[PDB]
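Colleague: After the structure tokens below, expect a handful of questions from me.
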Amino acid sequence: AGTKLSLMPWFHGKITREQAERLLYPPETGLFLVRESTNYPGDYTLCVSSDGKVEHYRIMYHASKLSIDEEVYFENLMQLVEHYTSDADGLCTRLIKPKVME
């Protein structure tokens with residue numbers, strides 16, 4: 001049993017920035033994961049490989065709504081990933097391929 005988010009192949013839970021860097025190597029544009037900081041529950045960073053390195057997009061919450069750009073907002077993290085899977089909408093790349101959680 002788990003939450004929907006817990007079962008999402010791109011969701012790695014509480015891993016560090018440095019551990020994400022090792023998971024997203026070698027670079028492959030559009031390979032991605034989301035990790036959570038131990039600082040605070042639901043403090044997420046979307047980590048995506050693009051143009052030979054990892055880009056890190058930290059989620060913010062504004063009145064409980066999630067964004068990574070202060071332009072486009074979502075109710076939850078799964079909606080955010082869904083959106084950027086289909087088009088870049090200003091990100092460095094679409095989220096093309098999950099780095100599958102093991």
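Residues in the structure tokens are named by chain (A, B, ... in the order shown) and by number from 1 within that chain; ligands are numbered from 1 in the order shown.
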Residues at most 12 Å from residue 53 (chain A), counting only C-alpha atoms, excluding those fewer than 5 positions away in the same chain, as a ChimeraX atom specification?

Modeller: /A:20-32,47-48,92-93

Colleague: Grab the residues selected above and save them as a PDB file, in the first residue's frame with N, CA and C atoms.

Modeller:
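New file out_37.pdb:
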ATOM      1  N   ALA A  20      21.095  12.522  -6.450  1.00  0.00           N
ATOM      2  CA  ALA A  20      20.408  12.781  -7.739  1.00  0.00           C
ATOM      3  C   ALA A  20      21.390  12.957  -8.897  1.00  0.00           C
ATOM      4  N   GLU A  21      22.441  13.707  -8.646  1.00  0.00           N
ATOM      5  CA  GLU A  21      23.490  13.848  -9.652  1.00  0.00           C
ATOM      6  C   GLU A  21      24.087  12.517 -10.124  1.00  0.00           C
ATOM      7  N   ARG A  22      24.286  11.585  -9.238  1.00  0.00           N
ATOM      8  CA  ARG A  22      24.780  10.285  -9.593  1.00  0.00           C
ATOM      9  C   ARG A  22      23.749   9.432 -10.298  1.00  0.00           C
ATOM     10  N   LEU A  23      22.496   9.577  -9.963  1.00  0.00           N
ATOM     11  CA  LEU A  23      21.429   8.852 -10.620  1.00  0.00           C
ATOM     12  C   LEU A  23      21.192   9.323 -12.039  1.00  0.00           C
ATOM     13  N   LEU A  24      21.435  10.595 -12.317  1.00  0.00           N
ATOM     14  CA  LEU A  24      21.166  11.170 -13.641  1.00  0.00           C
ATOM     15  C   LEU A  24      22.461  11.216 -14.482  1.00  0.00           C
ATOM     16  N   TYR A  25      23.259  10.181 -14.403  1.00  0.00           N
ATOM     17  CA  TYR A  25      24.518  10.154 -15.123  1.00  0.00           C
ATOM     18  C   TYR A  25      24.631   8.773 -15.769  1.00  0.00           C
ATOM     19  N   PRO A  26      25.103   8.682 -17.013  1.00  0.00           N
ATOM     20  CA  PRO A  26      25.571   9.785 -17.839  1.00  0.00           C
ATOM     21  C   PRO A  26      24.439  10.691 -18.354  1.00  0.00           C
ATOM     22  N   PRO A  27      24.759  11.865 -18.750  1.00  0.00           N
ATOM     23  CA  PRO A  27      23.685  12.744 -19.181  1.00  0.00           C
ATOM     24  C   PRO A  27      22.937  12.203 -20.366  1.00  0.00           C
ATOM     25  N   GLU A  28      21.651  12.443 -20.342  1.00  0.00           N
ATOM     26  CA  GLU A  28      20.745  12.081 -21.412  1.00  0.00           C
ATOM     27  C   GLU A  28      19.608  13.071 -21.336  1.00  0.00           C
ATOM     28  N   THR A  29      19.531  13.961 -22.309  1.00  0.00           N
ATOM     29  CA  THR A  29      18.586  15.068 -22.223  1.00  0.00           C
ATOM     30  C   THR A  29      17.150  14.568 -22.020  1.00  0.00           C
ATOM     31  N   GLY A  30      16.491  15.123 -21.032  1.00  0.00           N
ATOM     32  CA  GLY A  30      15.121  14.709 -20.665  1.00  0.00           C
ATOM     33  C   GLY A  30      14.986  13.560 -19.643  1.00  0.00           C
ATOM     34  N   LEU A  31      16.076  12.968 -19.246  1.00  0.00           N
ATOM     35  CA  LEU A  31      16.079  12.033 -18.112  1.00  0.00           C
ATOM     36  C   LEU A  31      15.863  12.804 -16.818  1.00  0.00           C
ATOM     37  N   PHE A  32      14.899  12.352 -16.020  1.00  0.00           N
ATOM     38  CA  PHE A  32      14.530  13.159 -14.839  1.00  0.00           C
ATOM     39  C   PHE A  32      14.103  12.319 -13.629  1.00  0.00           C
ATOM     40  N   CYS A  47      14.666  17.357 -10.877  1.00  0.00           N
ATOM     41  CA  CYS A  47      16.045  17.249 -11.355  1.00  0.00           C
ATOM     42  C   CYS A  47      16.019  16.634 -12.751  1.00  0.00           C
ATOM     43  N   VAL A  48      16.539  17.384 -13.710  1.00  0.00           N
ATOM     44  CA  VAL A  48      16.461  16.949 -15.084  1.00  0.00           C
ATOM     45  C   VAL A  48      17.804  17.136 -15.801  1.00  0.00           C
ATOM     46  N   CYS A  92      14.038  23.795 -19.531  1.00  0.00           N
ATOM     47  CA  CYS A  92      15.134  23.448 -20.448  1.00  0.00           C
ATOM     48  C   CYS A  92      14.897  22.278 -21.358  1.00  0.00           C
ATOM     49  N   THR A  93      14.048  21.389 -20.955  1.00  0.00           N
ATOM     50  CA  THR A  93      13.646  20.266 -21.771  1.00  0.00           C
ATOM     51  C   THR A  93      12.271  19.763 -21.223  1.00  0.00           C
TER      52      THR A  93
END

Colleague: From chain A, collect each residue whose DSSP state is alpha helix (DSSP H) and return the set as a ChimeraX atom specification.

Modeller: /A:17-23,77-86

Colleague: Pick out the residues sitting within 12 Å of residue 15 (chain A), and hand them over as a list in words; count only C-alpha atoms, and ignore anything fewer than 3 positions along from it in its own chain.

Modeller: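 In the requested form, the answer reads residues 11, 12, 18, 19, 20, 21, 22, 23, 33, 34, 35, 36, 37, 38, 39, 43, 44, 45, 46, 47 and 101 of chain A.
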
Colleague: One decimal, Å: what's the distance from CA of residue 54 (chain A) over to CA of residue 2 (chain A), could you say?

Modeller: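 These two atoms are separated by 28.7 Å.
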
Colleague: With only C-alpha atoms as the atoms that count, which of A:8, A:60, A:68, A:77 lies nearest to residue 99 (chain A)?

Modeller: A:8

Colleague: Report, in Å to a single decimal, how far apart CA of residue 64 (chain A) and CA of residue 10 (chain A) are.

Modeller: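 Result for CA of residue 10 (chain A) versus CA of residue 64 (chain A): 22.0 Å, one decimal.
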
Colleague: To one decimal place in Å, what is the distance between CA of residue 13 (chain A) and CA of residue 102 (chain A)?

Modeller: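 Separating CA of residue 13 (chain A) from CA of residue 102 (chain A) is a distance of 10.9 Å.
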
Colleague: List every residue of chain A that DSSP, applied to the backbone of this structure, assigns to strand (DSSP E), and report them as an NGL selection string.

Modeller: :A and (31-36 or 44-50 or 53-58 or 60-62 or 65-67 or 97-98)

Colleague: For residue 59 (chain A), which residue out of A:17, A:71, A:42, A:90 is the nearest one, using only C-alpha atoms?

Modeller: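 Residue with the minimum atom-to-atom distance to residue 59 (chain A): A:42.
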
Colleague: Can you pull out the residues contacting residue 94 (chain A)? Cut-off 8 Å, using only C-alpha atoms, and skip same-chain residues under 3 positions away; I want them as a list in words.

Modeller: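 The neighbour list is residues 30, 84, 85, 86, 87, 88 and 91 of chain A.
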
Colleague: Quick one: write out the picked residues with N, CA, C and O atoms as a JSON list (two decimals), in the first residue's frame?

Modeller:
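Wrote result_34.json, looks like this:
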[["chain", "number", "residue", "atom", "x", "y", "z"],
["A", 30, "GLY", "N", 16.49, 15.12, -21.03],
["A", 30, "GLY", "CA", 15.12, 14.71, -20.67],
["A", 30, "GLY", "C", 14.99, 13.56, -19.64],
["A", 30, "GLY", "O", 13.95, 13.34, -19.22],
["A", 84, "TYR", "N", 4.87, 19.03, -17.72],
["A", 84, "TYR", "CA", 6.20, 19.25, -18.30],
["A", 84, "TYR", "C", 6.71, 18.02, -19.05],
["A", 84, "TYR", "O", 7.62, 18.11, -19.76],
["A", 85, "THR", "N", 6.00, 16.88, -18.89],
["A", 85, "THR", "CA", 6.27, 15.71, -19.72],
["A", 85, "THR", "C", 5.85, 16.00, -21.16],
["A", 85, "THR", "O", 6.53, 15.61, -22.11],
["A", 86, "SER", "N", 4.77, 16.76, -21.33],
["A", 86, "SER", "CA", 4.21, 16.94, -22.66],
["A", 86, "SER", "C", 4.71, 18.10, -23.37],
["A", 86, "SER", "O", 4.88, 18.04, -24.53],
["A", 87, "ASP", "N", 5.00, 19.18, -22.65],
["A", 87, "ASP", "CA", 5.75, 20.26, -23.24],
["A", 87, "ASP", "C", 6.67, 21.04, -22.33],
["A", 87, "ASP", "O", 6.44, 21.11, -21.13],
["A", 88, "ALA", "N", 7.71, 21.54, -22.90],
["A", 88, "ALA", "CA", 8.71, 22.16, -22.10],
["A", 88, "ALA", "C", 8.15, 23.33, -21.29],
["A", 88, "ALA", "O", 8.56, 23.56, -20.18],
["A", 91, "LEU", "N", 10.72, 25.24, -19.58],
["A", 91, "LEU", "CA", 11.80, 24.43, -18.95],
["A", 91, "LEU", "C", 12.91, 24.23, -19.99],
["A", 91, "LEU", "O", 12.71, 24.43, -21.13]]

Colleague: Measuring between only C-alpha atoms, which one of A:74, A:52, A:9, A:83 shows the shortest distance to residue 97 (chain A)?

Modeller: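 Closest candidate: A:9.
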
Colleague: Name the residues in contact with residue 75 (chain A) at a cut-off of 12 Å, using only C-alpha atoms, excluding same-chain residues fewer than 3 positions from it; report them as a ChimeraX atom specification.

Modeller: /A:60-67,72,78-83
